[PDB]
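Take a look at this one chain, the form deposited in one PDB entry, written out in structure tokens.
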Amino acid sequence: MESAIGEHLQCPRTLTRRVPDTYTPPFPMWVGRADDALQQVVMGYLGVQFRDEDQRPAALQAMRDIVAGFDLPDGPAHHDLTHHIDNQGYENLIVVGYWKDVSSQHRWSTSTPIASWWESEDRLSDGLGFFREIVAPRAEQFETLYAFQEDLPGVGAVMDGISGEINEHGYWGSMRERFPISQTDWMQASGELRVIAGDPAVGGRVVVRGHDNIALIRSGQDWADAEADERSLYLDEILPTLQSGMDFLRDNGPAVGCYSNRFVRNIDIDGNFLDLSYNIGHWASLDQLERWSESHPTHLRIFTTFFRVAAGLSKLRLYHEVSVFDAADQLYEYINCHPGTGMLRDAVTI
């Protein structure tokens, strides 16, 4: 059987799996593949925040400027746009871009068209909140799991292609084992989430410094091609419980180790909803994310439903990507966002 860890990233283990190498998964799953050219990716989540209905035109146009900036040299290899209303009632458009290396994203960010737009005084007088949550896991610091083989969303889009049926899945602890670095490293968290510039209670520019081995999960649902029955299976049977789980993490973040939970729905360039959604969740450690997914009733119910219905899924597309990062490989900037926005909520003030 094929391994989730790419050939060039396999090495002598100093840490072992929780199942023997004879283990056989209960159903097929697939991972994203990439050769040694893919060393470190950049996942850049770029947000526009607004409270009122009359702010929408300005917000959508700002989103369109950001997307136009991707056509410039060194733009992201892939991107998608989403919408959500957070628990303070604020609307958030988020553009996620994926780069294949660190230096391209740096060149892109620092280029005059992009850096000037960002550093501009207008951003302080548009009435809108802006943020950038940019994280850069090495190849060994992320894993992908797909219940499908074709047209990979998320970070899978910037990888080479799809693996065969992989071994390391279908049990709790399998996620950890799909991180190549888990062969040698505990991905243990240390440090605090801290403001290093500004004051969230005052608005304006605020910078938050991440700490080592914060985790980021993008877990997605794509029901766009689903027929009536499968449409109803996901939307009427699975989602209600997923919704409940997303609400819990959103409103009970501190209690379980979740810095920020977002349940977003994809949009087109004009801001119409598409039939894909996903979770963007930031975690104080990977093992807290492990503890929630394996113990909380909401996830446990959908997990079980999946086991029951997996063989019969035809068009419903489910997947995740999970990441951990060094302190230095994280950047979280907020301009005029409300104090509960993303990494602002739990960041210790200076």
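We number the residues from 1 along the sequence you see. Residues that one form lacks are left out of the comparison. For clarity, a rigid core is taken as the largest C-alpha set superposing within 1.5 Å between two forms.
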Per the PDB entry, mean CA B-factor is higher for 37 to 45 or 57 to 65, namely for 57 to 65
Mean Cα B-factor check, 100 to 108 vs 200 to 208, entry values; winner is 200 to 208
Comparing C-alpha B-factors across 283, 319, 325, 70 in this entry, the winner is 70
Quick one: which of 129, 240, 154, 76 shows the highest Cα temperature factor in the PDB entry? 129
CA B-factor placement of residue 311, once the chain's modelled residues are sorted into thirds: highest
If you rank every modelled residue in this chain by C-alpha B factor, which third holds residue 89: lowest, middle or highest? middle
Where does the C-alpha B-factor of residue 50 rank in its chain, lowest, middle or highest third? highest
Lowest, middle or highest third: which one holds residue 269 when the chain's residues are ordered by CA B-factor from the entry? highest
With respect to C-alpha B-factor, does residue 231 fall in the lowest, middle or highest third of the chain as deposited? middle
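Heads up, the form deposited in another entry isn't pictured, but that's what we're talking about next.
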Rigid core fitted, then: does residue 306 show a CA shift of 2 angstroms or greater between this form and the one not shown? yes
Given a rigid core superposition, which stretches of at least 3 residues have all Cα atoms displaced by 2 Å or more between this form and the one not shown? 304 to 313
